[PDB]
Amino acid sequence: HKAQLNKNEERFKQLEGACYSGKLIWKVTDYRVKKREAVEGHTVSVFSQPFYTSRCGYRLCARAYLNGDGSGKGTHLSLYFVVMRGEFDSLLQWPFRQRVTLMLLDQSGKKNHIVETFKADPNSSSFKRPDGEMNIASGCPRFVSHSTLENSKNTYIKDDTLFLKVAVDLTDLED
């Protein structure tokens, strides 16, 4: 029943977190502790709640490696995009072909955000129609360096929390 209460808790969390315009804003609290868990190998990565391109479109989410992954292991925050298995995948166009933009938000008001954008590569297996729970992640292992992110004269972290944003271009999507 602890498994039942956790199942509930998670379901609640997804419902509370779902967005339906291909736009995700992901609040990451307790930075220091979570990075600590990354460094200690306790909890390598964190996930966003699932979001969607439209109520009945692609199910998606983001994943971050606070202490970096592969190419940015130990030195950067690694930010990855993820196509999940969606309830209506059969009606959707495959491969996934939308432009995607990844962001770390400047909380200073100067709106000096860190943004990387790209066109989804049709040959990538990240964008095939998913087979299990979710396709292989794809994005920037070296999205932003710990140095820039954590630097005191910066405001990417405020009160031990940062905000990540994913935005999917909906151009030429049916719905």
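One rule holds for the numbers: they count along the sequence shown, beginning at 1.
Once the C-alpha B-factors are averaged per stretch, 105-113 and 27-35 rank with 105-113 first.
In this entry, the higher average B-factor at the C-alpha atoms falls on 116-124, of the pair 116-124 and 62-70. Ranked within its chain, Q93 lands in the highest third, by CA B factor from the PDB record. In this PDB entry, the Cα temperature factor of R11 sits in the middle third of its chain's modelled residues. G132: CA B factor in the highest third of modelled residues in this chain (values from the PDB entry). In the PDB entry, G57 places in the lowest third of its chain by CA B-factor. Among all modelled residues in its chain, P141 ranks in the middle third by Cα B-factor.
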